[PDB]
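Chemist: Protein chains in written order, with the deposited numbering: chain A, 1 to 49; chain B, 15 to 36; chain C, 1 to 446; chain D, 5 to 110; chain E, 21 to 439; chain F, 326 to 379; chain G, 46 to 78; chain H, 1 to 55; chain I, 1 to 56. Structure incoming, see below.
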Amino acid sequence: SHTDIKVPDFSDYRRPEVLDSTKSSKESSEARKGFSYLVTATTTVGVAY
Amino acid sequence: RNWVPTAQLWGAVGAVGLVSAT
Amino acid sequence: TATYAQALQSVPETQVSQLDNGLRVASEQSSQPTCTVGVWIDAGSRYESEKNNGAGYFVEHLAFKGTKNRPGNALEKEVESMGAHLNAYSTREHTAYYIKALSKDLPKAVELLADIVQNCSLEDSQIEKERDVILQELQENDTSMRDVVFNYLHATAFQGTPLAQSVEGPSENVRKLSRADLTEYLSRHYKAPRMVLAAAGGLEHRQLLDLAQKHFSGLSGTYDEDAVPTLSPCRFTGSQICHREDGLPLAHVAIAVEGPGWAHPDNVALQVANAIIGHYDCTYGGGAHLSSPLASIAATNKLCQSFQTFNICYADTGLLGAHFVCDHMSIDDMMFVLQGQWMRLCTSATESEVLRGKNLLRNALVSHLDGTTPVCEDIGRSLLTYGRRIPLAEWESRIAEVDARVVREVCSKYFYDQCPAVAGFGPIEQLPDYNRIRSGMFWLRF
Amino acid sequence: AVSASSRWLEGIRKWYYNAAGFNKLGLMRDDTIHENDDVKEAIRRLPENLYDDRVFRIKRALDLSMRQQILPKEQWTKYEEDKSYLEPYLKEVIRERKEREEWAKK
Amino acid sequence: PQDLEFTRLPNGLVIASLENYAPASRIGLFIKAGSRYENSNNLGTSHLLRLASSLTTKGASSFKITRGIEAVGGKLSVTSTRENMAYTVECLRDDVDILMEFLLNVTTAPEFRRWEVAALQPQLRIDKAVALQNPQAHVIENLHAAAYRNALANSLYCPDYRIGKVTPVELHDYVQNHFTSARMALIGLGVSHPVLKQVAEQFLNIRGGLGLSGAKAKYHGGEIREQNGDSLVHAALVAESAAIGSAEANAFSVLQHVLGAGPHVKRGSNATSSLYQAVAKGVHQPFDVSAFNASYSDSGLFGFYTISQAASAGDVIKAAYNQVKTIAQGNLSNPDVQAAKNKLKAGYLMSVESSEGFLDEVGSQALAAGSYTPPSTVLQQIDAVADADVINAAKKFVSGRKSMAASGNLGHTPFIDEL
Amino acid sequence: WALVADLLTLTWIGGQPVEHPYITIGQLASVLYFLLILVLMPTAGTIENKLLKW
Amino acid sequence: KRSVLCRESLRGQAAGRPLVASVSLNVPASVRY
Amino acid sequence: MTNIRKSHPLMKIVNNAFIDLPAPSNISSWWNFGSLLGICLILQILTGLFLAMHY
Amino acid sequence: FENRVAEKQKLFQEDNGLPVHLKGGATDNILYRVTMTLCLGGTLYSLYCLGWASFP
Ligand code: HEM
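Here you go:
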């Protein structure tokens, strides 16, 4: 009964790098964290000014 | 352990902070 | 006198052998009374399409209820009167049927097994009788939080993949499932090379090999055209699935970070890591003095009921984490300690701590192998998993290379800055917000 | 080699014991202890008799302190009666913890 | 390579050893204290004793004990039954010595401290609660207290009213009287006998006769019925089996198996099980049933166990009886006894096909007999059972004082006069 | 008590011409204060503990 | 609590030497037959 | 509770550190300096604000 | 402290057909090229200076 569960289509909300139903996210997502953390480091660097 | 290398980059940050900021 | 190492090297090596079709033969000898012969087929749940999602699992209910040679209850009667036991287990990657039996019973043992795999007399009556049963099993599996939650984990860390489906399969695929469909399933996936015929105990390899009824083979390609991976990677997704039911007395939480395939140097070092965190229950006799913090804290502060760390190992995917059951009001505190134990591990492991876990590993990995059934499953599964090696004596070596810095660097790949897979079956009202569990995997403070 | 010296400390000891006023309050040495984490656990380890005793003693004592009254000369704690009843309990608690600490070196 | 090696000392404690090939060694001191050794005033004491294995003792503090075994990855199991109390101890070849010294403190040097024993107390409830989750345990327990009067009628779990009342002199006394030399049997699965003995000799020499608890046996038919709200109902019907390691007993065992329904096939139904067939035919779709067989030193219990739904309780219960009456009327063909036998034989061998199994089997034998009977011999004995013999035994259940225990909605559960 | 009275002594110096008489006094009071706080008391503590057999 | 609705029930007690043997171990814990 | 002024307002509960609090029996006169300490802080302030009303 | 010479022994004994001065990774390679570059350039620069100083 708890097997007819499906997680909903996230394809609209995810992104290029990790949209590949059949391939690895490990060798994709290395950067994806960089780019988000990049944004942080910049803000915190301008604000510092 | 990892504390030296982490204490050494925390070291550096303070230093560069002061130096610059001050 | 004799010393651990020594013993290790002295252990009966496993003989891997092949039939013409790819039937794999393995066996570990001891010249002992009882024997556990088994056929470890490796076409699981992950090959199923949305419809036949529960196909395989359905076959398993029919495996033991008739062969064209051995009709209605001819299989059981046969096994029974021998005193042999017959078990069928199915995984998301591996189906397996085995027999436990007096060593002198190989003759009619191996015949039976073989028979079972190939000929399965399946009438409309048996199909409609199994349906009802399955539908009733499903209902009963909804009665198990731990099973409900671990499925969820998979579905959410595998959202959008074949691998995320229940091995039990979809409710209504059981209803719908065409009788023709079990055939194609079997026919397409039971063809060795997939299969392995393994066994342990008092038998002579020589005779196993020979005994193998060479009746049907792998009807597949001789070239790369086959090489299109049926084992295609399954996209890794860090999401959570939160199913809150305040009606329930406790809370189950399974939190995971994706991991290595079956074979990898990092994959033993992980284990040594979880040796450290450990596993804990209301009834552990050590409680407050147990050497793993989550346990001690738990034991001490009545933090949780039971908690276990796991390493789920698939060819292209892996689920890593722990799982804790805890009152409605303690979900966050146990989350905190756990994640806390992870981070501490990839930055502050101490040689002492990693050396204790190390040794735990050895034991866990020797003691499992006690008994005939055990050995057989290691040999069978070991062959589709890790290929045709039996890393048993190597282990101690590999386990030996373990260093506090090795453990630290390997743990940091997988846990640190990585995005969790969390699912719970509430009282999850107090379950940490996904971003909170996220920031739990890096160290600013806490 | 302590025969004269260490058989005379008892003389300063004795002096000192009655010097510190707690003698007069009806209290004993063990009840004057700084209640810290080890004492605490020892404390908890006390039998009903020992332990309820330490509660009345301190009750009677803080009562006196509140009223600035000393107990009668006849009812005072005599040095010769040094119930070091916490000592036994208190030692172990420490003993346990020293071990624990030590086991945690490496 | 080398077979076991028993040795009774002047004290009367047995000791065995098998230097095996493989990496894992396991000692296990089996002391002869079961639940049957407590009185009205001492009930629940073994239970607590069982749970208090990691407390401080004379040479090792609760902390060292636990942290120590952890250090090396060892396990310390403390298993008990109505008759015995196996204190198991697993670990790596190299670490037996560190481990053994642990087993010895735990067992010969326990120091039950008012404060430590006291914090345990609450554990008893937690343990009782988790084992009372399987109907089997409360029924099976209810059975033993109905069927006995005095000794084996004592249950393995502490009685609700006793829990916090378990006092430290109780624990100390129980150890002192029962955890003694004459009642002990060392057993090693990967240790040197020569070195084992030495140790045994140095640490296991304590005096204490039997029955300072109040030893003795007695059977009394009786019924314990526990009403519930659960759909399903479990009940046990059992008559004085034959005693332990005797022919009659053995016969029972074989008979047991002719009806005995412990599935040998996953998702599979028994064709062999008479009880199941007979029950089945007169019974509904969903139900399950099996032959129960218990054997102790001075008494046994044989009969069956049923799991039916509310309205079906009787039908199944009688059905099962009627069928076992059949065998007692004489109706039992040779072909089925031999199957049975082979079933049994196969089981006993698989029972001992594991270290843990073997170790239990061996110690077990050392407390009963005084030596190790090899498998083969074992196998011979079971074979000697006559096809008649079985019938005859069976004749005894039907014509032996009844004693039943059930749980659930008991509208439809036969009483003694009902069957 | 002495520290307190040393503290009083110091307060006195405060309103004193900074000349020999007061200098020499203050200097020994400033050492007394830090001794009382840093070294004397701490030792006294120990002693008392040892006389009580603690 | 695990639902016991179907044919699956297969619990009844009876072993060779051990009968109703309750384990309490420093790490694991259980109830067998 | 109902109409227990003190814990009704949450604010007024916070003031029950004065009224309901566990205070040792025995207690030299010395401890009154805490309270007086506050007294002085409040007096300086009222005083200050008036002086700084004409300074 | 650590003691992981065992990891490095393995890393350096690995039969990757690499010369010891490169057997250790990517940094070995950048270090190599930097060194080689500075040397050659320097050598070129020195020849220029000599040609320059040869003249009055
Ligand atoms: C405990 C805290 C304070 C202390 C120790 C303190 C102390 C002093 C002292 C010693 C003087 C010098 C008066 C003289 O000798 O002529 C002074 C002056 C003054 N203070 Fe305060 N004061 C405090 C708080 C305040 C506050 C809160 C205010 C304003 C709200 C304030 C406003 C003034 C003003 C305006 C003067 C100047 C006029 C005068 O000499 O009276 N002070 N204060």
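For every residue, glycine included, the Cβ atom is placed at its ideal position computed from N, Cα and C.
For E381 of chain E and chain G, any beta-carbon pair shorter than 8 Å?
Modeler: The residue given as residue 381 of chain E occupies position 361 in the fifth sequence. Yes, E381 of chain E lies at the interface with chain G (some Cβ there is under 8 Å from its Cβ).
Chemist: Do you know offhand how far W12 of chain D's Cα is from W19 of chain D's?
Modeler: Walking along the fourth sequence from the start, residue 12 of chain D turns up at place 8. Walking along the fourth sequence from the start, residue 19 of chain D turns up at place 15. Whole-angstrom Cα-Cα distance: 11 Å.
Chemist: Measure the alpha-carbon distance for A263 of chain C versus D20 of chain A and round it to whole angstroms.
Modeler: In the third sequence, residue 263 of chain C corresponds to position 263, counting from 1. In the first sequence, residue 20 of chain A corresponds to position 20, counting from 1. In a straight line, the C-alpha of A263 of chain C is about 24 Å away from that of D20 of chain A.
Chemist: Given a threshold of 16 other Cβ atoms within 10 Å of its Cβ, counted over all protein chains shown, does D180 of chain E qualify as buried or as exposed?
Modeler: The count along the fifth sequence starts at 1 and reaches residue 180 of chain E at position 160. Exposed is the call here.
Chemist: Under 8 Å Cβ-Cβ, which residues of chain G neighbour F312 of chain E?
Modeler: Position 292 of the fifth sequence, counted from the first residue, corresponds to residue 312 of chain E. For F312 of chain E, the neighbours in chain G by C-beta distance under 8 Å run, in chain order, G57, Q58, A59.
Chemist: Is DSSP giving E28 of chain C helix, strand or coil here?
Modeler: Indexing the third sequence from 1 puts residue 28 of chain C at position 28. DSSP places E28 of chain C in strand when its eight states are reduced to three.
Chemist: For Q143 of chain E, does the count of other Cβ atoms within 10 angstroms reach 16, so buried, or fall short, so exposed?
Modeler: Counting from one through the fifth sequence, the residue named residue 143 of chain E turns up at place 123. So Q143 of chain E ends up on the buried side.
Chemist: List the residues of chain E that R49 of chain D touches, going by C-beta distances under 7 Å, in chain order.
Modeler: Locating residue 49 of chain D in the fourth sequence gives position 45, counting from the first residue. Those within 7 Å of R49 of chain D in chain E are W135.
Chemist: If contact means a Cβ-Cβ distance below 8 Å, which residues of the region 75–89 of chain E contact chain D?
Modeler: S81, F83, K84, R87
Chemist: Apart from the five residues just before and just after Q22 of chain E, which ones in its own chain have a Cβ nearer than 6 Å to its Cβ?
Modeler: What you label residue 22 of chain E is simply residue 2 of the fifth sequence in a count that begins at 1. If we look at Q22 of chain E and ignore the five residues flanking it on each side, its Cβ neighbours are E39.
Chemist: Any C-beta of chain E sitting closer than 8 Å to the C-beta of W107 of chain D?
Modeler: As a first step, residue 107 of chain D must be located in the fourth sequence, where it is residue number 103. It does: the Cβ of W107 of chain D has a partner Cβ on chain E nearer than 8 Å.
Chemist: Is it buried or exposed, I331 of chain C, if we count other Cβ atoms within 10 angstroms and call 16 or more buried?
Modeler: Taking the third sequence and counting its residues from 1, the one referred to as residue 331 of chain C is at position 331. Under this definition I331 of chain C is a buried residue.
Chemist: How about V65 of chain G: is its C-beta nearer than 8 Å to some C-beta of chain J?
Modeler: This model lacks chain J altogether; the protein chains it does include are A, B, C, D, E, F, G, H and I.
Chemist: In the DSSP assignment, what are the bridge partners of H279 of chain C?
Modeler: Against the third sequence, residue 279 of chain C aligns to sequence position 279. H279 of chain C is bridged to C:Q308.
Chemist: If we cut at 8 Å on Cβ distances, does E39 of chain D have a partner in chain E?
Modeler: As a first step, residue 39 of chain D is located in the fourth sequence; it is residue number 35 there, counting from the start. Closer than 8 Å: no.
Chemist: If we define contact as Cβ-Cβ less than 8 Å, is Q339 of chain C a contact residue for chain A?
Modeler: The residue you call residue 339 of chain C lines up with position 339 of the third sequence. At least 8 Å separates the CB of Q339 of chain C from every CB of chain A.
Chemist: Can you tell me which of the three DSSP states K100 of chain C falls into?
Modeler: As a working note, residue 100 of chain C is residue 100 in the third sequence. If DSSP states are grouped into helix, strand and coil, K100 of chain C belongs with the strands.
Chemist: Quick one: what does DSSP say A138 of chain E is sitting in, helix, strand or coil?
Modeler: Taking the first residue of the fifth sequence as 1, we reach residue 138 of chain E at position 118. Three-state DSSP puts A138 of chain E in a helix.
Chemist: Comparing the C-beta of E103 of chain D with each C-beta of chain E, is any distance below 8 Å?
Modeler: As a first step, residue 103 of chain D is located in the fourth sequence; it is residue number 99 there, counting from the start. Chain E contact via Cβ: present.
Chemist: Buried or exposed: which applies to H240 of chain E, given that a residue is buried once 16 or more other Cβ atoms fall within 10 Å of its Cβ?
Modeler: One-based indexing of the fifth sequence puts residue 240 of chain E at position 220. Exposed is the call here.
Chemist: Nearest-angstrom Cα distance between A53 of chain E and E103 of chain E?
Modeler: As a position in the fifth sequence, residue 53 of chain E is number 33, starting the count at 1. As a position in the fifth sequence, residue 103 of chain E is number 83, starting the count at 1. Using only the alpha carbons, I get a separation of about 6 Å.
Chemist: Got a sec: which bits of the region 15–32 of chain D sit with their beta carbon under 9 Å from any beta carbon on chain H, in order along the chain?
Modeler: For the region 15–32 of chain D, there are no residues whose beta carbon sits under 9 Å from a beta carbon of chain H.
Chemist: I'd like the ranges of any alpha helix (DSSP H) spanning at least 4 consecutive residues and lying wholly in the region 131–183 of chain C.
Modeler: 145–157, 171–176
Chemist: Short of 9 Å Cβ to Cβ, which residues in the region 83–117 of chain C face chain G?
Modeler: Under the 9 Å Cβ criterion, the region 83–117 of chain C contributes no residue.
Chemist: When the cut-off is 8 Å and only beta carbons count, does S54 of chain G lie next to chain C?
Modeler: Locating residue 54 of chain G in the seventh sequence gives position 9, where the first residue counts as 1. No, no contact with chain C.
Chemist: For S348 of chain C, go through chain B and note every residue whose CB falls closer than 9 Å to its CB, in chain order.
Modeler: Counting from 1 along the third sequence, the entry for residue 348 of chain C is found at position 348. Those are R15, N16, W17, listed as they occur along chain B.
Chemist: Return helix, strand or coil for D308 of chain E, following the three-state DSSP convention.
Modeler: Within the fifth sequence, numbered from 1, the residue matching residue 308 of chain E stands at position 288. Three-state DSSP puts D308 of chain E in a strand.
Chemist: Does the beta carbon of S29 of chain H come closer than 8 Å to any beta carbon on chain D?
Modeler: Stepping through the eighth sequence from its first residue, residue 29 of chain H is reached at position 29. The Cβ of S29 of chain H sits no closer than 8 Å to any Cβ of chain D.
Chemist: Can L338 of chain C and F324 of chain C be called in contact, C-beta distance under 8 Å?
Modeler: If you number the third sequence from 1, residue 338 of chain C lands on position 338. If you number the third sequence from 1, residue 324 of chain C lands on position 324. Yes, they are a contact pair.
Chemist: Compute the Euclidean distance between the alpha carbons of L71 of chain E and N351 of chain E, then round it to the nearest angstrom.
Modeler: Walking along the fifth sequence from the start, residue 71 of chain E turns up at place 51. Walking along the fifth sequence from the start, residue 351 of chain E turns up at place 331. Spanning the two alpha carbons is a distance of roughly 49 Å.
Chemist: Using the beta-carbon of each residue, find all residues closer than 6 Å to any heavy atom of the ligand HEM and list them in chain order.
Modeler: H:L41, H:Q44, H:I45, H:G48, H:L49, H:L51, H:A52, H:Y55
Chemist: Measuring straight from C-alpha to C-alpha, what distance separates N21 of chain C and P107 of chain C?
Modeler: As a first step, residue 21 of chain C is located in the third sequence; it is residue number 21 there, counting from the start. As a first step, residue 107 of chain C is located in the third sequence; it is residue number 107 there, counting from the start. Going by the C-alpha atoms only, they are around 21 Å apart.
Chemist: Around the Cβ of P355 of chain E, are there at least 16 other Cβ atoms within 10 angstroms (buried) or fewer (exposed)?
Modeler: In the fifth sequence, counting from the first residue as 1, residue 355 of chain E sits at position 335. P355 of chain E is exposed by the Cβ-count criterion.
Chemist: Could you tell me which residues DSSP puts in a beta bridge with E258 of chain C?
Modeler: Taking the first residue of the third sequence as position 1, residue 258 of chain C is located at position 258. According to DSSP, which records beta bridges pairwise, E258 of chain C is partnered with C:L319.
Chemist: Report the residues of the region 4–17 of chain A with a CB closer than 9 Å to any CB of chain C, ordered along the chain.
Modeler: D4, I5, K6, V7, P8, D9, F10, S11, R14
Chemist: With a CB to CB cut of under 6 Å and the five nearest residues on each side skipped, what residues in its chain are close to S412 of chain C?
Modeler: Start at 1 with the first residue of the third sequence, and residue 412 of chain C comes out as number 412. Excluding residues within five positions, the ones whose Cβ falls inside 6 Å are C346.
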